[PDB]
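Here you get one chain, nothing else, as structure tokens; it is the form solved without the named molecule.
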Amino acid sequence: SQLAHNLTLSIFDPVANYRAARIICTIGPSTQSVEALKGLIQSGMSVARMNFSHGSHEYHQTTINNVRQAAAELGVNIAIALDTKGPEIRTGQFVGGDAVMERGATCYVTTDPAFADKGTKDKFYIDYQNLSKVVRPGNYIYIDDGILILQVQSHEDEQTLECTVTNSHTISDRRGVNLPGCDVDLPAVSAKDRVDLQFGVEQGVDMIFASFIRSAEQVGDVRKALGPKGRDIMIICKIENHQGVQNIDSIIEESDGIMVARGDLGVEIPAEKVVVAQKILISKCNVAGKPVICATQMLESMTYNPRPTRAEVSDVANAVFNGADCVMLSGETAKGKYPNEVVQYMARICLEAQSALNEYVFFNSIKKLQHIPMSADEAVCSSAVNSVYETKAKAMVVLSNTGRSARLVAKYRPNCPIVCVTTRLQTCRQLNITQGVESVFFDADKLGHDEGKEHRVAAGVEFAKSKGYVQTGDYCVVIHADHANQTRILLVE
């Protein structure tokens, strides 16, 4: 019903007064300094992502410190996300450093570890010990970004596969491999992940972007690797292959949210199907009320060019129409030449998409899916958003200590900002991956526990006033739903 809303739109009308989508930026050499991080924050960054595929603990500690210093100097709360290297399948070494794979040739891939430093075009090592059990004759094995496609012909022996080379390509040492028709059964967390997750907990990161999640039991393995001290850290599962996509329901249920990793998906799945897998995964997350991030190949050509291509811009806008909470930048900010400009243009595109998005379709689709009787929390949050639309209120205020009720209200997609007043700074940071929400910290130690809620309500309404969301005479819908509840339709003074 976007369709009827399209007919009423004008591209010459003003954009909204708030941007709902959130921007995650990956930190690297273009962006790690305190000053650069301040430029990012002012450009629209809400979340700093550390890519633990590269870089030492000392290197990531510097990001951690610089982010916190940059956010304190600007007076804001910025989330810190640890993105794990994850389990990997790699080839071994080749003799002469290199190996020249010709089309039509026969080669032998083995998991015999004797071969890790003496592969040749004839026979080389792949380091995934279960390779033979997981693959069958006819299956494909991809190497080097999926560029070299070997096809499996037979089991030469219990550790070695006879392969055909289907296309020509020179491959150097230790390329990554994929297995598109194959259920890969590597552990959820490598030995390096286990050390790296323990470091995130010690340093108080807000969320883990957990690589290569294939099943619900693996989300529980990440959680157990975080330990009892990491219990409040959110686990965002990165969906990267057909197994993640097949098992998406049970993964969603166990996770705190989802990353749609379109570039990794596209190694094993046709790009046009990844487009559809994106729609599916975003809508399931919207229904679960959990944050979903659209990641990889976002404004990629703006890594070295001052503008993106028109198709890239349409890609970011459509992520927002699909329902994404968050859009993520990778090399565009980590190693690019226009980090501030790419964040600002991404914010711009998101704002323009939002101005055309009919939010009421989301609200009404999600509400129609609810079973009667609803539980109290789902009834209160849905009816508070419905009151926004019925009175044309201009803001909501949600008192939420853990963020749970702020996410439940954002799930129902009011067409106005949501201000979450919370007593925890970690909730302010974790809400940066939920669309349409801004957080206000209420220091209850100094200010009092505020049992009757009046002070936290007034702080929320003041914040909305100071941002111009509301003025004297507008309506503001207030809600509390503590996991006791209460809704109010407040006439702003």
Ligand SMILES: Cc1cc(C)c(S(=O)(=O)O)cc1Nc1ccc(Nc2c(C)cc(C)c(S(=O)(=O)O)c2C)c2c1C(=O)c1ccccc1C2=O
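When you see a residue number, it is the position in the sequence shown, counting from 1. Take the two forms, superpose them, and find the largest set of C-alpha atoms that agree within 1.5 Å; that set is the rigid core.
Student: After superposing on the rigid core, which of 162-170 and 243-251 has its C-alpha atoms sitting farther from this form in 7 other deposited structures of this protein?
Tutor: Clearly, after the core fit, the stretch farther away in 7 other deposited structures of this protein is 162-170.
Student: Can you check whether 182-190 or 99-107 lies farther from the displayed model in 7 other deposited structures of this protein, averaging C-alpha distances as RMS after superposing on the core?
Tutor: Taking the RMS over all superposed structures in 7 other deposited structures of this protein, 99-107 lies farther out.
Student: Among other entries of this protein with both neighbours modelled, does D482 go without coordinates in a third or more of them?
Tutor: Looking at the other entries that model residues on either side of it, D482 is missing from at least a third.
Student: Classify the number of deposited-sequence residues missing from the model between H483 and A484: none, 1 to 3, 4 to 9, or 10 or more.
Tutor: Missing in between: 4 to 9 residues.
Student: Look up the CA B-factors in the entry and say which stretch, 99-107 or 311-319, has the higher mean.
Tutor: Looking at the record's C-alpha B-factors, the answer is 99-107.
Student: Read off the CA B-factors in the entry, average them over 248-256 and over 148-156, and name the higher stretch.
Tutor: Higher mean C-alpha B-factor: 148-156.
Student: Return the residue from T402, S215, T166, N364 that has the highest Cα B-factor in the entry.
Tutor: In this record, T166 carries the highest C-alpha B-factor of the candidates.
Student: If you compare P417, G289, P113, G266, which has the highest Cα B-factor in the entry?
Tutor: Each of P417, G289, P113, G266 was compared by C-alpha B-factor; the highest is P113.
Student: Classify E438 as lowest, middle or highest third according to the C-alpha B-factor given in the PDB entry, relative to its own chain.
Tutor: CA B-factor rank for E438: lowest third.
Student: Lowest, middle or highest third of the chain for the C-alpha temperature factor of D325?
Tutor: It belongs to the lowest third of the chain when residues are ordered by C-alpha B-factor.
Student: What third of the chain does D185 rank in for C-alpha temperature factor, lowest, middle or highest?
Tutor: Highest third of the chain for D185's C-alpha B-factor.
Student: Check where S33 lands among this chain's C-alpha B-factors and tell me if it's the lowest, middle or highest third.
Tutor: As the PDB entry reports it, the C-alpha B-factor of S33 lands in the highest third of its chain.
Student: Quick one: classify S301 as lowest, middle or highest third of the chain based on its Cα B-factor.
Tutor: Answer is highest: the recorded C-alpha B-factor places it there.
There is another form of the same protein, the form deposited with the named molecule bound; it is not shown, and what comes next is about it.
Student: Would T26 show up as a contact with the named molecule in the deposited complex if we use heavy atoms at 4.5 Å?
Tutor: Yes - in the deposited complex, heavy atoms of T26 and the named molecule come within 4.5 Å of each other.
Student: Flag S330 as yes or no: does it have a non-hydrogen atom within 4.5 angstroms of any non-hydrogen atom of the named molecule in the deposited complex?
Tutor: It does: once the named molecule is placed as it appears in the deposited complex, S330 has a heavy atom within 4.5 Å of it.
Student: Is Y59 close to the named molecule in the deposited complex, meaning a heavy atom pair under 4.5 Å apart or at it?
Tutor: It does: once the named molecule is placed as it appears in the deposited complex, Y59 has a heavy atom within 4.5 Å of it.
Student: Does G39 reach the named molecule in the deposited complex, with heavy atoms at most 4.5 Å apart?
Tutor: The answer is no: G39 has no heavy atom within 4.5 Å of the named molecule.
Student: Which pick from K335, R348, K284, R307 sits with a heavy atom within 4.5 Å of the named molecule in the deposited complex?
Tutor: Of the listed residues, the single hit is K335.
Student: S43, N66, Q435, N51: which sits within 4.5 Å of the named molecule in the deposited complex by any heavy atom?
Tutor: Of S43, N66, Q435, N51, the residue with a heavy atom within 4.5 Å of the named molecule in the deposited complex is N51.
Student: Please pick out the stretch from 458-466, 66-74, 26-34, 440-448 that is in contact with the named molecule in the deposited complex, where contact means heavy atoms within 4.5 Å.
Tutor: Partner-contacting stretch among the options: 26-34.
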